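Visitor: just dropping in an experimental structure and the matching sequence.
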Amino acid sequence: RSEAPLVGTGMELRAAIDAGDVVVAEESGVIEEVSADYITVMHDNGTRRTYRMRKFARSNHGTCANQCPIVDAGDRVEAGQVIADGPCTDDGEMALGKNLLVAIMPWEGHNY
Amino acid sequence: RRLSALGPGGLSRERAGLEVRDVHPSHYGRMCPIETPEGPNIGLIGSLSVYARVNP
Amino acid sequence: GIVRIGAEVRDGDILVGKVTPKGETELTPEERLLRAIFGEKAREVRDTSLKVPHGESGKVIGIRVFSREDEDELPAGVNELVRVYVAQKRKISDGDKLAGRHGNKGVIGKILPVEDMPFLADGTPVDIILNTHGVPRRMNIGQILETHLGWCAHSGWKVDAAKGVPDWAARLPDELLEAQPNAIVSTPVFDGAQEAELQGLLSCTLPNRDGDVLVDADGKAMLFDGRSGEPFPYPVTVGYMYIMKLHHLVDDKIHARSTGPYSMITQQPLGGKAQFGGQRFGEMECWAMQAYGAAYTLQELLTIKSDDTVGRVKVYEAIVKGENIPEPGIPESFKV
Amino acid sequence: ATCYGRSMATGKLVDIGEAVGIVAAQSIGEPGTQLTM
Amino acid sequence: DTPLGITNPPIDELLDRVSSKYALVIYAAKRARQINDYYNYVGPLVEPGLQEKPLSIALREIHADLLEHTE
Amino acid sequence: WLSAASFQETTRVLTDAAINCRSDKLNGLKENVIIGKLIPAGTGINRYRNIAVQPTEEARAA
Amino acid sequence: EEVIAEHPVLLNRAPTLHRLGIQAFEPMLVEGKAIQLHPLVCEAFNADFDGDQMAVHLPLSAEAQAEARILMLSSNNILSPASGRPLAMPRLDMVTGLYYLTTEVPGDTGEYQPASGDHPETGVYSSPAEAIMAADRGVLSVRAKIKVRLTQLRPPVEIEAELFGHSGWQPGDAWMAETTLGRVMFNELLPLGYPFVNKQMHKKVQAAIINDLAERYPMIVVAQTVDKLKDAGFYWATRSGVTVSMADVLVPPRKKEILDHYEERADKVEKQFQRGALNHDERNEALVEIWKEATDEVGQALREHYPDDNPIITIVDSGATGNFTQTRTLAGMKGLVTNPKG
Amino acid sequence: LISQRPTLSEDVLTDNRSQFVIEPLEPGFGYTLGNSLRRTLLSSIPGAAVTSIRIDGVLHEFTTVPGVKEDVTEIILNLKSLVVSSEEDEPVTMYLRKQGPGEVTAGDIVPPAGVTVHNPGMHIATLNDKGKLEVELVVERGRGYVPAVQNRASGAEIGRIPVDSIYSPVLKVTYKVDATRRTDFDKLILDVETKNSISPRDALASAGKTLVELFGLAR
Amino acid sequence: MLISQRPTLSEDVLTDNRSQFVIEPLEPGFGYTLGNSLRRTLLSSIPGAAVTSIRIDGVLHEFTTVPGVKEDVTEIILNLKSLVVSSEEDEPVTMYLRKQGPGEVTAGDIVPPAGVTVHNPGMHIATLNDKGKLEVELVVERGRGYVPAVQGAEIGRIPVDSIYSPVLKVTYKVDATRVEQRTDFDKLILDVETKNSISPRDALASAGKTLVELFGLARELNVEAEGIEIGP
RNA sequence: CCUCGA
Ligand SMILES: [Mg+2]
């Protein structure tokens, strides 16, 4: 599970969509169908667009490239909205780690 | 978005002096001064700056 | 002969059975007795099957096979081509590498029980303990500033706007005078949250469910040692820090070898964990051994653990039979 | 041995078989990276 | 005090028993492979213990002055 | 000549050693390393490697 | 666990810059996939734990195992073979621990205050055990000056000479010391016959003590001492209170006026250059001198403003790790910067 | 300066959270006592959880189910939030059959006699028209946290998906002591919050009897 | 079966007043779960008798010296706190130490009232020079742990630190030695040195009893499942 | 060799 930082910049989002590992709505519409396998968008044009999800693909360096939808059936999506998350993205933004509760102190030499 | 220094028709590694690897004043806004490899490829592999763009 | 989809595999498990025709002269005396006794009469082969490499394991999640009997583009001479995809769920472990965004890297020394971890006044144990000695020396005080803001965004805040707008909050956008717990915020580089604005938010931190302010206006808190129960005598900075999992993980890097393949020219052990290689006891390491004056350790490393093709075998032979280790022969690389 | 002095490692006088040349080269090299202009 | 494992017996008394650390290494190693040859030729000369490596038995022998060496 | 060839400038050392029909005594540490012999230092010098170890008769009694 | 018992292994970290870059250890079977490296041999390997890896070699023959146990044993290589001084001393965390343990706090809890009128002095303790019980209530601080009856620790040179024979002191003999309970517990970690050191254990003082231990005591003794010091240093460092926060990073108050003054001087030099009187290289020289001095003065005001128990000051001045120009760059001011040409 | 036998006194805050006042205690002792209780509560309170699961058209974790929105991995992460109790002390099986469209929550699970699902609103999956989910969930009793028992150790067949088990019913424990300075004394206040699997009283009772059986050693 | 094996409790006797106790093997984390608690109980919750205050006749004004006596006041108090004593009276009880002439006063030179006892009569207290006398009164009470000398009165009444605890020093550590299938268990080592009132054994036993009662206070809320062992 | 790790 990916988790965007509490403390970020405005660069996570705009880097995640350009990186291209997220799925992005080419045209505005309504979600007709949504599985873990694909997402269909009925544009107001009357046409349909469908985006098959990369499911548990092997990246060049052995990390899991697993897309996951973040829309629901019936949702109104605009052009360029993010439909589905990628490997290190959370709701369209780059999520490279987790927010961890930290104490800054020495502890019995185990953080020596 | 990388900007590599080595290659055919470029410079070779035995010719990689210390000065091609320095942050040049002209890099401002074009090649990021922070992102570069720690090891041997330092100053040889740099990445394009945010708002930068290449002309024809 | 291909492993079945969904299997759980471990070191040395067959994934694809394969046999390579060896000549008759390559049958061992035993393999030649059983073949004659039971009259196998099938052409003699060597077990050249694809196994699971040392130190890895997982679920077979995908099989992909290409045949020459089917019309399939293969390289010349290649009849059948099959890929097995193995997936492992990797829990964070001792030796895995973590870092924040400020160049503050470290590997994991110990994963303690939740009860042993220093915990806040409400029982919440901390997740990660970063040593104080590492921060100031390395000039990445950004991690401390982040920790402070990380706590502010986790707890949420409500800036006192009653009498007006305090001087520190003057330059703050209206959408930042209050924030719900676990709020999401930006610190743009060179245009981020200034020191005064940050120190203000540490005052108006919303409390937890019991009305308690766990982190004071300095960013420090009182923690209990979960081993003794006694409190730690001074307030510790606690807060929320973004910590990434870097791709330098023990599972990839642990490697060991008693005996394995050897390069054909030199007869020395191959290199690389992937090839089940041996570690390189190099020039500066021989100087070290020499400087100690460890003559026999230096000889043994350089003859029977590497290059003496007969002494190798004689040594494994000796250990298995509980005898003394024999005398070194001549390194094959000197012959070369 | 008497001319060399104590073994810096052991603190007692240097033993007979010691390879003091390699130790000396190592002792001179090891901090060389600290040498700047 | 009373050190554990490899640091026992102490290197200092074992070095009282010999001239240099190198002589001690050879002393102990030759006695150790002597012992191991015995198990398939004299010794051991002390109570060996549960399952002790012959090198450790030999080091304890050298400590207890239970054997002699030349050069 | 073996030590010189293994140090650097190997072509030159080897050429000259050939013309001079040099014979390597194989005296040094590096040379015994290359051929896989016990180096002539530490536990490899003769006064230490040639130690005779036997038990005292007082101990052999018990 | 049976076969590996007492069978040494060699550990190596590259680059092997000197022979202590390879050291033998007794292996302890461990849970996990990582090698566990004693915190005191780090110096010898130049090993930190930011991702470093290390190599393991198994000596097979009796001679190789014997060379490993005798020549290369971790605890038999405690001194730098380059300088002859010990390398396996406490480093940074241990340091802040022991420096915390043995600092004396004027006015701390349970401090001995002499008898005034009818009130007693309430600072004397019949034994360090009694002082331990006192500190188990909130009554005695570890760092408060007190008077204790010491029974099993050797007294200083002159105290022993005056209250006994010059060289005579038996382990049973008692004596009175005005020290801290911390310095008691520190000296208890040193070897027995060692004269009581009653000082704040700066790193340099620990270095002095361990250099003395190296000169006067056998190898194994110094090894056991640094192990005990390590334990105490980690415990007390955890208990020490050193932490970084934006608040602990104090700013020098006069910094504005200092910098404005040196800017006035730089303006003088610039007007001097515009007249053609000052040379360009000479202008740069004068400006660099001005700003060197401004940096120096900012650093001085920074030191003057920091309380001497601030965790940053504590960490630097204990000798644990870091220097003050790092502190000046953090809190005061960065200063002048190099050119690509230098 | 004499002794009075100490009392434990409960004060219920919510249905799954209670405070516990133990007084009087020896000075300097409250912290250690509270912590010896908490460390046991956090670690050794018995409970029940799911061990393995089986899914109809699924042979392994890393795949999808037709018409469901969540891949099997996300479904198992959601099943990690499942809080459950059992009194059988032998592997028992729950079942989950449902056809879309609609949400699949823990209330849609049919446990056997003796197993109780405690958070029925908990979201498990989302189904559409073509979505059909058919799940078996083995429940067992244990304590602590036990990583997935492998398909090799158990004689499990390829279809079975082992799952990480969180048996602890305890959610969050803290304490505070009030120290009072001739006759000084410490009053301990434990604060225990559970997962709805059991109540603070029962968790504290199991922790207390584990500690009693363990301290009866010296006596 | 949700039941742990029975750990053992073994002894190493160092001196007549000092022992190390090993509890092993304990389920992971319990070394500390009962480590600090056992120590704090051994220190604070064992009853003993000790000196509370003293009146020294012959000096009230100076409160520094005792005429004809080598040792000063503070040293006499330090020696008196070192007196191990056991009483059955729930009320304070007074003792008297009187000895004259050049000699060496010991802890046997005191007359113990009924019920109280002095377990270290050989203890040095003071040395009286020629024409030297000593008459000093010692209040003794029952108590627990360690309470300081803090406790408007009759003149000459010096209150002292009361070392009630029969145990003197306790320190514990946790190592890892475990079963072959888990290899993460806790071995607990307790170093306890006591006075001569009780052996370390009895100290540990009474501490275990007080703790069993303490946590029975908790198991009394309800009686149902929790981890047990085959043997105690 | 390339990219990376200390
Ligand atoms: Mg490093």
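Guide: Now that the structure is in, tell me what you want to look at. Residues are numbered from 1 along each chain as shown, chains lettered A, B, ... in the order given.
Visitor: C-alpha from now on. contacts and neighbour counts both.
Guide: Will do.
Visitor: need phi/psi at the residue of chain F found nearest RNA strand J.
Guide: When distances are taken as Cα to the nearest atom of the strand, chain F reaches nearest to RNA strand J at residue F:8, 20.1 Å away. Backbone torsions of residue F:8, given as degrees, to the nearest 10, read phi -170, psi 170.
Visitor: number of nearby residues for it?
Guide: Neighbour count for residue F:8, taken as other Cα atoms under 10 Å in any protein chain shown: 10.
Visitor: same question for residue G:175.
Guide: Neighbour tally, residue G:175, other Cα under 10 Å: 17.
Visitor: ok, now residue F:62?
Guide: With other Cα under 10 Å as criterion, residue F:62 counts 7.
Visitor: how near is it to chain A?
Guide: To chain A, residue F:62 is 50 Å away according to Cα to the nearest Cα, to the nearest Å.
Visitor: now residue C:261
Guide: 26 Å.
Visitor: burial check on that residue, number of neighbours?
Guide: The local packing of residue C:261 (other Cα under 10 Å) involves 14 other residues.
Visitor: quick check: it touching residue C:269?
Guide: Yes - using Cα atoms under 8 Å, residue C:261 is in contact with residue C:269, at 6.0 Å.
Visitor: touching both of the two, which residues are there?
Guide: Common neighbours of residue C:261 and residue C:269 (criterion: Cα atoms under 8 Å, 6 or more residues apart in numbering or on different chains): residue C:277.
Visitor: go ahead and confirm residue E:60 touches residue E:9.
Guide: Yes - using Cα under 8 Å, residue E:60 makes contact with residue E:9 at a distance of 6.7 Å.
Visitor: ok, the two, which is more surrounded?
Guide: residue E:60 (21 against 18).
Visitor: tell me the secondary structure for the more buried one?
Guide: Three-state assignment for residue E:60 (DSSP: H, G, I helix; E, B strand; the rest coil): helix.
Visitor: tell me the SS of residue H:41?
Guide: helix.
Visitor: could you find the closest non-adjacent residue to the residue of chain A found nearest chain I?
Guide: Among the residues of chain A, residue A:108 lies closest to chain I, at 13.1 Å counting by Cα to the nearest Cα. Nearest residue to residue A:108, sequence neighbours excluded (Cα to Cα, 6 or more residues apart in numbering or on different chains): residue G:234, at 4.9 Å.
Visitor: and for residue B:4?
Guide: In space, residue B:4 is closest to residue B:45, 4.8 Å off (Cα to Cα, 6+ apart).
Visitor: got a list of what the one you found touches?
Guide: For residue B:45, the contacting residues are B:2-5, B:36-37, by Cα under 8 Å, 6+ apart.
Visitor: which residues does residue G:142 contact?
Guide: Contact analysis of residue G:142 by Cα under 8 Å, 6+ apart lists G:101, G:135, G:180-182.
Visitor: ok, the residue in the stretch 51-200 of chain G positioned nearest to the ion - how many residues close by?
Guide: Nearest residue of the stretch 51-200 of chain G to the ion: residue G:52, at 5.0 Å (Cα to the ion). Counted with other Cα under 10 Å, residues neighbouring residue G:52 total 13.
Visitor: let me know the secondary structure of it.
Guide: coil.
Visitor: against residue C:249, how distant is it?
Guide: Distance of residue G:52 to residue C:249, given as Cα to Cα, to the nearest Å: 12 Å.
Visitor: do residue G:133 as well
Guide: Taking Cα to Cα, one finds residue G:133 at 47 Å from residue C:249.
Visitor: and those two? Which one has more around it.
Guide: Shown here are residue G:133 and residue C:249; by other Cα under 10 Å, residue G:133 has more neighbours (23 against 20).
Visitor: can you give me phi and psi for the more buried one?
Guide: When quoted as degrees, to the nearest 10, the phi and psi of residue G:133 stand at phi -60, psi -40.
Visitor: quick check: beta-bridge partners of the spatially closest residue to it that is not a sequence neighbour?
Guide: Among residues not flanking residue G:133 along the chain, residue I:146 sits closest, at 6.3 Å (Cα to Cα, 6+ apart). Beta-bridge partners for residue I:146, by DSSP bridges, are residue I:163.
Visitor: what residues does residue I:146 make contact with?
Guide: Per Cα under 8 Å, 6+ apart, neighbours of residue I:146: G:133-134, I:44, I:161-165.
Visitor: and which of the residues you listed is nearest to residue A:39?
Guide: residue I:44 (68.5 Å; Cα to Cα).
Visitor: check contacts around the closest one.
Guide: H:26-27, I:144-146, I:165.
Visitor: and residue C:62, by the same measure?
Guide: Shown in contact with residue C:62 (Cα under 8 Å, 6+ apart): C:5, C:84-86.
Visitor: ok, the residues you listed vs chain G, which is closest?
Guide: Of all the contacts of residue C:62, residue C:86 has the smallest distance to chain G: 20.4 Å, by Cα to the nearest Cα.
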